[PDB]
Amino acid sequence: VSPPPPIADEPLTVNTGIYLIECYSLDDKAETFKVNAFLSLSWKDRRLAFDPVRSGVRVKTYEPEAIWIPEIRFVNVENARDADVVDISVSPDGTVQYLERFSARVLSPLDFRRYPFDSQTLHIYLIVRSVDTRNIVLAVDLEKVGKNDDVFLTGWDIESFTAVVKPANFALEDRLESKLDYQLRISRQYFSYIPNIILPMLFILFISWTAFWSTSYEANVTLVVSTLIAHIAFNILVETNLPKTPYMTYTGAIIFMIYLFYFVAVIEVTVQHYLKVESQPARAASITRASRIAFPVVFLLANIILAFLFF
């Protein structure tokens, strides 16, 4: 078993296809996803040609060991795919039709900038390394690229699964490599975040703003310090569900900005008390009255500016 010889000097074309069966375990922190799919391969090996008159069968079936099979790998995998060959069917001209079902943990990076209103392009890169005897090139058989309707990725919407038909042919360590880009387009189901994180977080912030209708320093301290603690709890929760990015994320920006609002409300509460104690409640009263409008107005504008910057 060695590669099929060329009729001229042409490279050997391996037609490929990936059909997704199961898509699961999309880890945001790890920037990985698990995939269970069909991998279909097709090439001509004239040495396998037969007469069905003589052989008695129109199509021959071979075991992987019996014939030459191209060493196909995935670029962006943790470990080599766990594959089980489904069928190897040889037609009288020497055309080999290979099918396997595999499972792999794919490493494809994610862009969390718009999180949790973000979309991703997951990649599955198919590769073949050319042999000394002859050069191997990958092709996309669009008829054999797809996914079933059952394919469900928890907390995501699956938009598309397509292949970039033109392979990336390049030199690596004195040999040729033919790379294929299978792109799985997905968009996050942002719903859950609103009642689970966003609105709870806004409610505690608004609770802190009731200190602007209070003259009790002891109560105001309790209000603004306690809501701040509840915010720290949400911040920790959020940062446990996300990786450490070298950029700011949308949720991250909002969460951070709210700390500034808590900080300024502590300043306001302090200023109001100091003046009241210094026997000038008229100044304290005018600051507190301004705060009642300024805090929500600045909050609303800051958020518009933020949303504008991110989307």
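The first residue of the sequence shown is number 1, and the count goes up from there.
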Exercise for the section: Please work out which of 9-17 and 298-306 has the higher mean CA B-factor as recorded in the PDB entry. Expected result: 9-17
Completion exercise
Mean B factor on CA atoms, stretches 236-244 and 151-159, record says higher is 151-159
Fill in the blank from the handout: From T133, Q189, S119, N196, the top C-alpha temperature factor is at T133
Handout entry: Highest recorded Cα temperature factor - choice among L205, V221, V90, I229
Key = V90
Fill in the blank from the handout: Sorting the chain's modelled residues by C-alpha B-factor and splitting them into thirds places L180 in the middle
Problem - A30 CA temperature factor, ranked by third within the chain - result: lowest
Practice task
Compare the C-alpha B factor of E100 with those of the other modelled residues in its chain, then answer lowest, middle or highest third.
Solution key: middle
Completion exercise
Here the Cα B-factor of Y250, set against its chain, lands in the third termed lowest
Completion exercise
Split the chain's modelled residues into thirds by Cα B-factor; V106 lands in the lowest
